[PDB]
A.B. asks: 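Quick one: structure below, then a few questions.
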Amino acid sequence: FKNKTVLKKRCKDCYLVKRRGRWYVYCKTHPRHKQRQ
Amino acid sequence: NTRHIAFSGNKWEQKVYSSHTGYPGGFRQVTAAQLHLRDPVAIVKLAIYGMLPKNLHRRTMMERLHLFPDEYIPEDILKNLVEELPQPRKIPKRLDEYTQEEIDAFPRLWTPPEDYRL
Amino acid sequence: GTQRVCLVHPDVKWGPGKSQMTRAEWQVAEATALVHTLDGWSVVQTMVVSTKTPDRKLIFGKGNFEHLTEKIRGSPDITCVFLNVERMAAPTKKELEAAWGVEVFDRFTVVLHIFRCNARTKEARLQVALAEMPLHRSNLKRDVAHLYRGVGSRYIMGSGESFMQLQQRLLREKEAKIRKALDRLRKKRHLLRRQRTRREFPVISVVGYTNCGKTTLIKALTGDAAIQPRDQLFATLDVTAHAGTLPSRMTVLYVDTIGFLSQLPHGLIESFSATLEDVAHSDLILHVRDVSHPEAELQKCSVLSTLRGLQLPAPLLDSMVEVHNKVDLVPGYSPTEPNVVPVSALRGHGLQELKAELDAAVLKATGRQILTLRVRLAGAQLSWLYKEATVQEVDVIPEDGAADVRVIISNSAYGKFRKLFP
Amino acid sequence: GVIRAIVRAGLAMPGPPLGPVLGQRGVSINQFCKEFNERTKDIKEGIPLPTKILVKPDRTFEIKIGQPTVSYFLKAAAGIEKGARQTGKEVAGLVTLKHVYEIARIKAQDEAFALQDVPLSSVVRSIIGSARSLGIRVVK
Amino acid sequence: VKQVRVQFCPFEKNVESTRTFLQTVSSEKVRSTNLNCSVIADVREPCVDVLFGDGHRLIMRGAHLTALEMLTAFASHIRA
Amino acid sequence: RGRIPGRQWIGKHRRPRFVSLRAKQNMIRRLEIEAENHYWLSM
Amino acid sequence: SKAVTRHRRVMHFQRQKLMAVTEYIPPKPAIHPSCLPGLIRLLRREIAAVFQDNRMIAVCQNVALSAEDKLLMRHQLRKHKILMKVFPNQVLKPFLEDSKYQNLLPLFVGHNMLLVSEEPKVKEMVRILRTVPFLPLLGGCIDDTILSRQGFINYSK
Amino acid sequence: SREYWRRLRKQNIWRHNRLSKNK
Amino acid sequence: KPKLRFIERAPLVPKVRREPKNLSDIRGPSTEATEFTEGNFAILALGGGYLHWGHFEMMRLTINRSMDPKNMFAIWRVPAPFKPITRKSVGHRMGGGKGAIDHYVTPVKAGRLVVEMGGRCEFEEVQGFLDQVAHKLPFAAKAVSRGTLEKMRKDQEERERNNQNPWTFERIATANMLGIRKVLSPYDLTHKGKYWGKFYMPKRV
RNA sequence: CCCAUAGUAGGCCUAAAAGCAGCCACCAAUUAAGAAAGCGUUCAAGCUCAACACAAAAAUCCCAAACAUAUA
RNA sequence: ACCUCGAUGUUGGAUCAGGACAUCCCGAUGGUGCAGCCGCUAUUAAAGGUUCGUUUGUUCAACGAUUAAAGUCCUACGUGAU
Ligand SMILES: Nc1nc2c(ncn2[C@@H]2O[C@H](COP(=O)(O)OP(=O)(O)OP(=O)(O)O)[C@@H](O)[C@H]2O)c(=O)[nH]1
Ligand SMILES: [Mg+2]
Ligand SMILES: [Mg+2]
Ligand SMILES: [Mg+2]
Ligand SMILES: [Mg+2]
Ligand SMILES: [Mg+2]
Ligand SMILES: [Mg+2]
Ligand SMILES: [Mg+2]
Ligand SMILES: [Mg+2]
Ligand SMILES: [Zn+2]
């Protein structure tokens with residue numbers, strides 16, 4: 001998880017989810033794509 | 001029934017009650033939910049204390065104030081009681097509480113498709 | 001900034017400083033090249049002046065110093081003076097500046113200025129800041145004179161440290177911060193090297209004197225196009241790795257390095273150790289030699305001394321493969337020493353022979369073995385060998401459904417293979 | 001699975017280009033090259049021939065072969081050994097529309113190659129495009 | 001999974017679900033997943049009968065079931 | 001916490017000031033009076 | 001502070017009030033407007049010509065086959081004079097009522113592929129379908145006479 | 001004309017590929 | 001020569017006379033280079049500011065790298081840095097005369113085009129890197145086509161026409177109602193409240 | 001979301017570079033597919049895509065209490 | 001150059017430490033060019049801890065030996081009516 005003010009899907013598998021009050025980019029194939037707002 | 005007060009919005013989690021014991025590192029900040037779970041009277045007591053004028057009569061007024069978490073009230077206090085003030089907020093009715101007559105009166109606003117699993 | 005410069009070359013004729021490998025004309029040419037590299041100004045005038053004693057508050061004997069003073073002060077076009085010396089003490093700088101009414105620069109300051117001007121990456125900026133710290137400490141007097149404002153010993157309050165002394169304290173802390181930052185940079189560069197080290201990429205560090213064609217040679221070897229050699233000096237100011245294939249179909253990382261100049265303070269180049277440690281962590285060192293340049297021997301001495309000061313491993317110092325570039329400029333050049341390859345990067349003449357020689361050197365230096373190995377087809381062993389080693393020839397035995405592959409394999413890969421496919 | 005190759009009829013040589021890839025899926029390379037040489041004898045010699053081998057899970061061969069390539073065939077028709085470098089301006093041979101028709105007569109007849117379009121236009125257009133891509137001009 | 005049979009009457013309506021189920025199950029990817037698994041797309045209300053490798057039968061009457069629901073039940077019973 | 005540097009209302013970093021509905025209504029009322037003044041001066 | 005500053009300078013409170021009062025007020029439209037009230041004809045002619053020319057028509061769902069399997073089926077069909085056709089349902093729907101095919105409406109939904117011919121090789125076509133236990137024969141209408149699959153089987157035999 | 005639309009589709013695919021080169 | 005031309009750090013003939021920082025050259029709407037010329041796309045400056053050689057290099061490198069030379073061309077719509085900005089020595093006390101010329105800038109006013117692009121391309125192909133450059137510019141900026149520029153101008157006109165507010169900054173300032181000219185600036189009589197220093201409020205009517 | 005056969009491993013270049021190391025050409029078959037926009041392969045193989053079809057953080061301790069709905 | 005020149009005593013050190021977290025160690029967690037060991041990076045966490053010495057008046061730095069670590073700061077560069 002890296003903190004980013006602008007969230008970008010870095011591959012087809014990245015998906016956006018608003019959890020615990022903020023947006024997250026989650027990815028299972030490339031976990032390094034994981035971003036937190 | 002001060003235990004059964006209701007906060008609008010997310011105040012239960014956002015409203016923070018702050019105090020300082022005086023000793024270093026004695027700054028305590030407890031959310032409304034935590035303070036309510038600890039003391040079932042603190043929320044209303046603090047609200048009244050804040051709203052009362054900030055002079056030397058405030059503590060006497062708070063002495064006149066009586067707070068009870070639940071329906072139970074002491075017998076002497078009950079005998080003292082004179083009038084009951086109307087509740088400031090009218091409690092909305094739940095579906096379980098709505099009568100069938102009211103449900104029938106309220107119209108159906110749309111025809112759901114017959115072949116929808118819902 | 002648009003500063004016409006008068007070049008002053010002190011020619012030492014006896015005793016220490018009497019170089020036996022270079023001539024004043026060649027040194028003047030090198031200094032002119034340095035200023036032209038610095039760009040934006042040129043040598044309006046040149047003066048080579050004798051100096052029996054090179055170490056003085058005034059580098060020249062009183063007579064020659066007065067002669068130079070007259071010439072410099074009578075020439076109005078001159079805006080600055082570049083004294084072709086390694087480093088000049090603050091007293092000498094102050095006295096010459098006052099006498100000649102101009103700004104005096106030494107080779108140290110000129111190289112520092114070109115670095116500051118053409119440094120792009122933050123790593124380069126930090127390293128040149130470290131290299132500047134000496135020049136700063138030398139120049140605080142002049143730099144903070146106007147801040148000093150002629151106040152001393154009369155104020156009785158505050159930190160007892162004088163203005164000069166507390167400026168020294170501030171510069172001490174500044175240097176400490178810079179050194180801490182370079183330590184962090186060294187750690188980060190180690191992180192970067194980790195992956196290539198684990199994959200056991202053979203690495204060849206290309207070193208040599210400045211403007212030897214190191215970058216051009218790397219471009220020729222790799223076949224890349226984004227690599228841009230320059231006519232200017234100190235063009236390559238960052239250490240970068242470029243992949244290139246050898247005749248044995250082996251990939252090798254050529255590591256480009258900073259150029260080396262003679263007659264410079266060691267600390268200048270040594271301040272780039274944070275990024276030049278990639279040479280220390282190399283597998284082979286390729287020394288490029290602009291044999292066409294008249295000062296080839298002096299450049300050899302300078303580069304060898306610089307490497308020794310950089311403290312590269314002695315085994316790495318040994319086996320340094322020497323290539324003589326720019327041979328086209330010297331028609332009919334015949335290499336004398338053995339184990340030396342003549343090449344012409346621009347014209348790409350001896351590049352094939354150089355590639356073969358450095359391939360052999362890599363095989364010797366990386367503990368890699370060229371051996372024939374029999375594998376079973378359909379067992380993924382062939383694909384594994386392709387991916388984890390450089391295969392050179394696959395002779396298929398159809399009768400046994402197998403194949404003998406001639407592979408240059410490291411010991412680690414060989415062990416992994418023997419365990420994975422018994 | 002299906003393995004595609006452009007093996008040259010005479011050049012059935014096991015090993016460098018075929019050995020590894022063929023073995024990876026499980027094969028008898030001797031059998032494969034023997035059958036390919038049988039096909040080479042059946043057809044002219046010394047010419048690339050696309051193949052459509054299907055390595056069955058039972059470890060058996062069904063070699064399917066058809067017409068020679070289009071590029072080499074056109075080069076032979078135009079009398080060229082190596083194709084043009086630019087191929088847009090460089091030209092090394094010319095072929096007539098009649099010759100193109102004649103070669104197409106024996107082209108759209110291979111099952112695997114899918115060239116079974118009844119209209120002559122469908123195939124003549126494709127071969128014309130192939131020639132235009134190559135260093136061959138379409139006469140008249 | 002062993003065998004799958006889909007029956008429907010196209011001239012009769014309410015067959016879209018079963019037709020799409022057939023087009024999805026017969027998909028070359030699905031059949032290649034288990035070449036042994038045999039489909040029999042008979043046709044003659046609409047129904048789907050799936051016999052699994054363990055001799056277990058699933059019957060989905062797709063008269064009022066969407067193809068998504070039928071396929072989800074089919075996959076759940078595959079997972080078993 | 002929550003300090004305004006220097007003096008409120010003068011510096012580069014002033015305490016923010018926000019217009020209330022009351023202030024907006026007052027200004028609009030004055031504007032209406034002045035518009036009527038324009039009309040009565042136009043003749 | 002200069003008139004032009006690198007930061008948004010604080011406005012005099014009266015200027016702030018002026019800016020607030022003179023803000024753009026969009027026109028409110030009373031009732032929200034939101035809740036107030038070539039190739040196609042080429043294939044039209046193609047479908048009309050197909051219907052007129054073919055004496056027998058059948059349809060199927062050849063969508064579960066591989067590219068090569070579909071190509072092989074097409075080759076087997078071309079071995080006979082029968083021709084397989086693909087058209088979008090979106091434009092096939094009008095044609096049924098256009099050509100007076102009322103019973104054909106609940107037959108072309110989803111993927112649909114036509115098998116138009118004049119000489120029925122239906123016997124060998126069904127034989128070919130048999131070795132592939134899917135891709136059911138779907139109802140068709142020979143010479144303006146709707147035939148179910150049982151009708152096609154009887155006609156074949 | 002079938003070929004008109006075929007060429008149109010080819011050009012549209014080219015345009016999409018050019019746009020996607022950077023994406 | 002489709003690729004964007006190199007811009008020199010300072011004029012070949014350096015200016016000798018230090019000149020004041022007339023910020024009015026940044027203040028207010030732009031009256032020059034406000035329209036397209038030999039191009040269909042551009043970077044519009046929605047605010048005033050000074051462009052340095054660093055900004056020019058950023059623009060040149062980004063646009064040159066990201067453009068297609070055989071199908072796109074770019075052209076500067078802003079002159080090379082000419083206005084000299086002077087800086088005193090670090091830590092110098094106030095007084096002692098004006099500082100020496102340090103850098104050169106080029107002023108840019110709101111509503112001006114900085115770079116203009118054209119060629120066999122549509123907006124979507126260029127808007128990406130044009131927006132990158134605009135975002136990295138020292139003032140608010142936006143990648144705008146001819147169509148989009150006309151659309152935004154027409155939208156501004158439509159808002160001005162149909163605004164339901166009886167009161168407009170233009171009217172109040174011109175009539176000096178409430179005596180607000182005591183608080184306003186003479187420039188405001190022409191800026192109509194849409195400009196504040198170097199900033200242009202586009203939503204402002 | 002579904003789906004992807006194929007003139008052919010387009011030529012040249014190279015040991016090989018087959019859509020994809022690089023240069024030229026970029027036509028064309030199918031109802032519908034870039035001589036390929038991305039992964040991937042030493043090269044192939046394989047995976048997709050375009051196509052048909054249906055905002056914030058600092059150092060003593062937060063900082064009125066609270067409140068969304070009774071007619072300007 | 002805004003308070004203080006009818007005095008607001010000044011750098012280091014001792015003593016006692018209050019506080020912030022932008023965490024050096026200890027806790028929890030995501031990523032990794034995370035095989036393991038060391039690590040690097042980020043989120044959360046300030047309850048607790050954060051060494052002793054040789055020169056040097058030194059804060060620092062260098063060096064020696066350690067440590068889990070020998071954190072960055074604010075406190076009138078905390079604290080001389082101690
Ligand atoms: N290799 C080579 N370079 C030549 C020759 N003749 C001229 N040159 C010039 O040599 C220069 C070498 O530039 P680089 O290769 O960048 O220099 P370098 O050795 O990397 O050193 P730095 O400039 O300090 O990075 C270029 O300007 C070439 O044009 C020649 O025969 N061989
Ligand atoms: Mg270089
Ligand atoms: Mg204040
Ligand atoms: Mg698709
Ligand atoms: Mg004062
Ligand atoms: Mg004053
Ligand atoms: Mg006093
Ligand atoms: Mg934290
Ligand atoms: Mg201080
Ligand atoms: Zn991802």
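By convention in this document, chain letters (A, B, ...) are assigned in the order of the sequence lines, proteins followed by strands, and residues within each chain are numbered from 1. Scope of the values below: all heavy atoms of this structure, side chains included, with no hydrogens, waters or symmetry mates.
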A.B. asks: Salt bridge check, C:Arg172 against C:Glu175: does any charged N sit closer than 4.0 Å to a carboxylate O?
C.D. replies: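 No, this pair does not count.
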A.B. asks: Residues two or more places apart in sequence or in another chain: which of them pass side chain to side chain donor-acceptor pair (under 3.5 Å) with B:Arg89?
C.D. replies: none
A.B. asks: Looking at the angle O4'-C1'-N9-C4 for a purine or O4'-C1'-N1-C2 for a pyrimidine, is K:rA7 syn or anti, with syn meaning within 90° of 0?
C.D. replies: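 Syn conformation here, the glycosidic angle of K:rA7 being no more than 90° from 0.
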A.B. asks: In terms of side-chain heavy atoms of D:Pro50, which of J:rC54, J:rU8, J:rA37 is nearest?
C.D. replies: J:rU8
A.B. asks: Are G:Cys60 and G:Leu115 side-chain neighbours, meaning at least one heavy-atom pair lies under 4.5 Å?
C.D. replies: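 Yes; the side chains approach each other to less than 4.5 Å.
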A.B. asks: Under 3.5 Å between N/O atoms: give me all the protein pairs with nucleotides 53-55 of chain K, atom names plus distance.
C.D. replies:
none

A.B. asks: If you restrict it to nitrogen or oxygen atoms, what contacts under 3.5 Å exist between nucleotides 2-7 of chain K and the protein, and what is each distance?
C.D. replies:
none

A.B. asks: If the sugar-phosphate is the primed atoms plus P, OP1 and OP2 and the base is the rest, what is the B/S/- string for nucleotides 75-82 of chain K, using protein heavy atoms under 4.0 Å?
C.D. replies: --B-----
A.B. asks: Give me the distances for all protein-to-nucleotides 28-32 of chain K N/O pairs that come in under 3.5 Å?
C.D. replies:
| residue | atom | partner | partner atom | Å |
| --- | --- | --- | --- | --- |
| K:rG30 | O3' | A:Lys34 | NZ | 3.1 |
| K:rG30 | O2' | A:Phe1 | N | 2.9 |
| K:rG30 | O2' | A:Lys34 | NZ | 3.1 |
| K:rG30 | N3 | A:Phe1 | N | 3.3 |
| K:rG31 | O3' | A:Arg32 | N | 3.3 |

A.B. asks: Any carboxylate oxygen within less than 4.0 angstrom of a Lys/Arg side-chain nitrogen, looking at G:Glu46 and H:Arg2?
C.D. replies: yes
A.B. asks: Which nucleotide, in any strand shown, forms a Watson-Crick or G-U wobble pair with J:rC12, with both distances under 3.5 Å?
C.D. replies: J:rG22
A.B. asks: Considering only heavy atoms and no angle criterion, is a donor-acceptor pair shorter than 3.5 Å present between the side chain of A:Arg22 and the base of J:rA55?
C.D. replies: no
A.B. asks: Hey, does D:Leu115 have a side-chain heavy atom less than 4.5 Å from the side chain of D:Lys107?
C.D. replies: yes
A.B. asks: With distance as the sole criterion, do the side chain of H:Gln11 and the base of J:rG34 form a donor-acceptor contact below 3.5 Å?
C.D. replies: no
A.B. asks: Taking atom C1' in both J:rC27 and J:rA6, compute the distance separating them and give it to the nearest angstrom.
C.D. replies: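 Pairwise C1' distance, J:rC27 against J:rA6, rounds to 15 Å.
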A.B. asks: Mind checking side chain to side chain donor-acceptor pair (under 3.5 Å) for A:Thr29 and listing every partner two or more places apart, or none if nothing turns up?
C.D. replies: A:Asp13
A.B. asks: Quick check: closest heavy atoms across D:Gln116 and D:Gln109, and the distance to 0.1 Å?
C.D. replies: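 So the two residues come closest at NE2-C, 4.3 Å.
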A.B. asks: Considering only the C1' atoms, how many Å lie between J:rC12 and J:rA25, rounded to the nearest integer?
C.D. replies: 11 Å
A.B. asks: Syn or anti for J:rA17, please, going by whether the chi angle lies within 90° of 0.
C.D. replies: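 J:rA17: anti glycosidic orientation.
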A.B. asks: Check this one for me: any side-chain N or O of G:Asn89 less than 4.0 Å away from OP1 or OP2 of J:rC54?
C.D. replies: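 Answer is yes, contact under 4.0 Å.
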A.B. asks: Assign each of G:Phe87 and D:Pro20 to its nearest nucleotide of RNA chain J by heavy atoms, then name whichever residue's nucleotide is nearer the 5' end.
C.D. replies: D:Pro20
A.B. asks: Scan nucleotides 9-28 of chain J nucleotide by nucleotide, 5' to 3', and note B when protein non-hydrogen atoms come under 4.0 Å of the base, S if they reach only the sugar-phosphate, - if neither.
C.D. replies: BBBSS-B--------BSSBS
A.B. asks: For G:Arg74 and G:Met84, indicate whether the former's side chain and the latter's backbone hold a donor-acceptor pair under 3.5 Å.
C.D. replies: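 Checked: pair present.
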A.B. asks: Counting primed atoms plus P, OP1 and OP2 as sugar-phosphate and everything else as base, spell out the protein contacts along nucleotides 35-40 of chain K at 4.0 Å heavy-atom distance: B, S or - for each nucleotide, 5' to 3'.
C.D. replies: BBB-BS
A.B. asks: For the sugar ring of J:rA44, does the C1'-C2'-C3'-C4' torsion put it in the north or the south range?
C.D. replies: north
A.B. asks: For F:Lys24, what residues pass the side chain to side chain donor-acceptor pair (under 3.5 Å) criterion, not counting sequence neighbours?
C.D. replies: none
A.B. asks: Under the side chain to side chain donor-acceptor pair (under 3.5 Å) test, which residues partner D:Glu111, sequence neighbours left out?
C.D. replies: G:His75
A.B. asks: As a test of reading the structure: which of J:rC52, J:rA53, K:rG9 is closest to the side chain of G:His111, going by heavy atoms?
C.D. replies: J:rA53
A.B. asks: Taking only the side-chain nitrogens and oxygens of E:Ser27, find out if one of them lies under 4.0 Å from OP1 or OP2 of J:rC3.
C.D. replies: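 Yes.
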A.B. asks: How many angstroms lie between atom CG of C:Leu166 and atom OG of C:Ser159, to the nearest 0.5 angstrom?
C.D. replies: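 With rounding to 0.5 Å, CG (C:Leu166) is 5.5 Å from OG (C:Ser159).
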A.B. asks: By the salt bridge (charged side-chain N to carboxylate O under 4.0 Å, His left out) test, which pairs, at least two apart or in different chains, include something from residues 26-37 of chain A?
C.D. replies: none
A.B. asks: Quick one, give me the B/S/- string for nucleotides 61-72 of chain J, reading 5' to 3', where B means a protein heavy atom under 4.0 Å from the base and S means that only happens at the primed atoms, P, OP1 or OP2.
C.D. replies: BBSBBSSS----
A.B. asks: Is K:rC21 base-paired to K:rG71, counting Watson-Crick or G-U wobble with both distances below 3.5 Å?
C.D. replies: yes
A.B. asks: More than 12 non-hydrogen atoms from neighbouring residues, nucleotides or ligands closer than 6.0 Å to CG on H:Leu8, yes or no?
C.D. replies: yes
A.B. asks: Counting only Watson-Crick and G-U wobble pairs, both distances under 3.5 Å, are J:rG34 and J:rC49 paired?
C.D. replies: yes
A.B. asks: Tell me whether J:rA21 sits syn or anti, counting syn as a glycosidic angle within 90° of 0.
C.D. replies: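 Anti, angle beyond 90° from zero.
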